[PDB]
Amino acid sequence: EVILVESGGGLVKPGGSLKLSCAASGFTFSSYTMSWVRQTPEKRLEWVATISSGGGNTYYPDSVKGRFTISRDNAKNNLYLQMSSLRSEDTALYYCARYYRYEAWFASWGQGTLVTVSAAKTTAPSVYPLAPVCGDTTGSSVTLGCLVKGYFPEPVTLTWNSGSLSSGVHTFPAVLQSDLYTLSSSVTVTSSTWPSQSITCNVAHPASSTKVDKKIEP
């Protein structure tokens, strides 16, 4: 079906340059106008760029004209954005959208690829096991956790038992402080589960090729 996939997001030094890509499938990329929409950390949506069906006609808002540049490769069905003269302001989640001819503007979006413009350096997270003292029971259930401390940038992935445990999970949003992120996740399983069969915390920080599976032991 109609699929849009943004790629290339990442950490970049100020003034640095990056290039986002948006692979469109499930529709005739050349017959549809395409756009770029960002979402700031404050969850504010900002229109970034729009380009006509046969390319050429590009529109850019006031803030990014001269630095950003939209283009498209209609043969490979790819939408591109050229980011130059980057600033901290530009740090956001970047979406690419499909225009519904004579209907609506952003008819279809993508998963989104985050780019972080900052002078901070990449730091690998520290993953710590979280279990109750002495493995102390709380009735018919047990809540386990996992703490990922001090990482940069934001993009981090955490799952339990490679995805087996998904039911009673609780991944808390990362809180930034001193140019480092901290995140945690809890999982509630019955008493007859954890002590019997170990639960593992799978953490992956792409930016630093970090990937660690920490088993929760009592």
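Start at 1 with the first residue shown and count on from there.
With 14-22 and 192-200 compared on mean CA B-factor from the PDB entry, the stretch scoring higher is 192-200. For the pair 133-141 and 74-82, the mean Cα B-factor is higher in 74-82. For the set 37, 187, 64, 158, the PDB entry puts the maximum C-alpha B factor at 64. Across the residues 58, 171, 33, 166, the deposited record lists the maximum Cα B factor for 166. When all modelled residues of the chain are sorted by CA temperature factor, residue 51 is found within the highest third. For residue 116, the recorded CA temperature factor ranks within the middle third of the chain's modelled residues.
Per-chain ranking of the deposited C-alpha B factor places residue 104 in the highest third. Ranked within its chain, residue 178 lands in the highest third, by CA B factor from the PDB record.
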